[PDB]
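So the structure is just underneath, and the comments pick up after that.
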Amino acid sequence: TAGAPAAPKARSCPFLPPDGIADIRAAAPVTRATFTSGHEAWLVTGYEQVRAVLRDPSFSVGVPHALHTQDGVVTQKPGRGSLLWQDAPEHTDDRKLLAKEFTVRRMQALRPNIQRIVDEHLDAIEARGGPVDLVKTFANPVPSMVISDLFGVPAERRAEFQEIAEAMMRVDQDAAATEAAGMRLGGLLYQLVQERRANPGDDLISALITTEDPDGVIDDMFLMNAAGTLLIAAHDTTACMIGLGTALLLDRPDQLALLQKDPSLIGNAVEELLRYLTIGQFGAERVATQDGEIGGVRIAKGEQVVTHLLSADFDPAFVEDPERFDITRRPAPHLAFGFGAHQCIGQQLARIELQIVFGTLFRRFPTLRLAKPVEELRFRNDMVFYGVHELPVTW
Ligand code: HEM
Ligand SMILES: CC(C)(c1ccc(O)cc1)c1ccc(O)cc1
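Per the UniProt record's numbering, residue 5 is the first one in the sequence shown, and the count goes up by one each step.
Pasting the structure below:
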């Protein structure tokens, strides 16, 4: 046909973006391409233009196609309180309500909880010795357990929360509301909400229950949608970064050795891991709602746009020598958490989880190493979030 060329996806090097991106970004940071669905849309690859799209409040997240799926069909989505598919003014109002209780202060307060969760999972790995799959024993279970503490889940209920979260982790966030595992999570959340109403606590769900609700928006469905969305948005993504960050650090002993010599670099290292790895691999989707202009290219009403966060995090106009992994950079504002109104709401919590996971993993296991070469690893090449399927490690 006369379709624009396929958006680059192949990687000859598994810790770098797809090979084709650089040449496009440099010549044409706003261009057309054809995505997995067969549809064509704008492909924005340069840092500055990705930020211009994402900060413009007239783009909508209600898109006509699902470009990264085979059939392109946009499935049915959850309602108010789920955020990801809402637009203003409802998105603005619902996010501000959730953010009233889901505060950066509540996220910092979870530090000790996180440290305990991280330490228990490593004592079990330790008690039974190498080799082990880090993905299954550590990267998958830790982030949902963090969230279960966020939600006040008591210890007798954890095994069931973890099993259900794990089934959901295998499903894409876009498909949750129309999959079976979604129903099983719905039933758990309905029940969790009733328990908290009956027995309030210090946790997030208890606080939302009694938050100041002038417009009368908070009912059980809103709460289930918010909790559900927090869990699903936090679990797969943070698990992928744990597994993929671990693999990259294990494959860069020079950067690892810097961190072991000066552990106060943990902050900076986490920022460079996020930039370098930008796990949302295929690009975020928006649709224009009015005519506009990005990078001197006219964008029309109804046109879909894909902001390629990975490509933009490797743009040489953003940082010097982008293909170099260097944990001593001064953090610059990467796009691994997005930008603008829909930017990751859990950014601060995810940073804490990763700082604690990598601080502690390398402090307790300085001899950690791969039990198989990086070319035998199997990467998540076709998944929404990039990472490793398995990460066998020893010490
Ligand atoms: C505690 C963990 C996390 C929680 C609770 C969380 C929560 C969320 C939620 C609710 C949203 C939707 C926000 C909205 O539309 O208003 C979101 C967006 C996003 N999150 Fe997270 N997140 C977590 C961790 C992560 C991690 C580890 C990453 C990436 C490495 C990530 C990347 C994103 C990105 C890119 C977006 C924006 C998508 C877009 O605008 O199209 N998040 N996050
Ligand atoms: C599990 C969840 C409550 C849900 C919502 C609606 C639904 O029909 C089925 C399941 C859900 C899914 C996805 C999400 O982003 C928020 C909440």
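Ideal Cβ placement from N, Cα and C applies to all residues, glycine included.
#### Entry: Backbone CA spacing between residue 363 and residue 282 [nearest angstrom]
Residue 363 and residue 282 have their C-alpha atoms roughly 20 Å apart.
### Message
What does the Cβ neighbour count give for residue 290, buried or exposed, with the cut at 16 atoms within 10 Å?
### Response
buried
### Message
Spatial neighbours of residue 135 within its chain, please: C-beta separation below 6 Å, excluding the five flanking residues on both sides.
### Response
375, 396 and 398
#### Entry: Cβ contact check for the segment 68–85 and the segment 323–340: 3 or more pairs under 8 Å
no
### Message
Quick check: the Cα distance between residue 175 and residue 162, rounded to an integer number of angstroms?
### Response
About 20 Å.
### Query
Which one or two residues does DSSP pair with residue 396 in a beta bridge?
Note: residue 396 sits in a beta bridge opposite 137.
### Message
Whole angstroms are fine: how far does the CA of residue 149 sit from the CA of residue 379?
### Response
Answer to the nearest angstrom: the Cα atoms are 31 Å apart.
### Task
Let me know if residue 311 comes out buried or exposed under the rule of 16 or more other beta-carbons within 10 Å of its beta-carbon.
Classification of residue 311: buried, given that the 10 Å Cβ count is 16 or more.
#### Entry: alpha helix (DSSP H) segment containing residue 34, residue limits
Counting along the chain, residue 34 falls outside any alpha helix (DSSP H), though it belongs to the beta strand (DSSP E) covering 34–38.
### Task
Please work out which residues of its chain come closer than 6 Å, Cβ to Cβ, to residue 86, disregarding the five sequence neighbours upstream and downstream, and give them in chain order.
These residues qualify, in order along the chain: 229 and 233.
### Message
Does the contact criterion of 3 or more C-beta pairs under 8 Å hold for the segment 235–243 versus the segment 213–225?
### Response
no
### Query
Taking C-beta to C-beta, are residue 366 and residue 262 nearer than 8 Å?
Between residue 366 and residue 262, the C-beta spacing is not below 8 Å.
### Any heavy atom of ligand 2 nearer than 5 Å to the CB - residues listed
82, 86, 180, 181, 186, 189, 190, 228, 229, 232 and 233
### Query
Relative to the alpha-carbon of residue 63, which residue among 344, 97 and 200 has its alpha-carbon at the smallest distance?
344
### Task
Answer yes if the segment 185–204 comes into contact with the segment 154–174, meaning at least three C-beta pairs across the two stretches below 8 Å, and no otherwise.
yes
### Message
Please classify residue 112 as buried or exposed, where buried requires at least 16 neighbouring CB atoms within 10 angstroms.
### Response
The residue in question, residue 112, is exposed, as its Cβ has fewer than 16 Cβ neighbours within 10 Å.
### Message
Which residue marks the beginning of the alpha helix (DSSP H) containing residue 57, and which one marks its end?
### Response
Residue 57 -> alpha helix (DSSP H) spans 51–59.
### Task
Measure the Cβ-Cβ separation of residue 278 and residue 340 and say whether it is below 8 Å.
Going by C-beta atoms, residue 278 is nearer than 8 Å to residue 340.
### Query
Sorry if obvious, but does the Cβ on residue 350 come closer than 7 Å to a heavy atom of ligand 1?
Checking every heavy atom of ligand 1 against the Cβ of residue 350, one is found closer than 7 Å.
### Task
Note down the Cα distance separating residue 306 from residue 61, rounded to an integer number of angstroms.
Between residue 306 and residue 61, the C-alpha separation is close to 15 Å.
### Query
Would a C-beta distance cut-off of 8 Å place residue 400 and residue 15 closer than the cut-off?
Residue 400 lies beyond the range of the chain shown here (5 to 399); nothing can be said about it.
### Message
Here's the rule: buried if 16 or more other CB atoms are within 10 angstroms of the residue's CB, otherwise exposed. What is residue 144?
### Response
buried
### Task
Return the CA-CA distance between residue 251 and residue 257, expressed in angstroms with no decimal places.
11 Å
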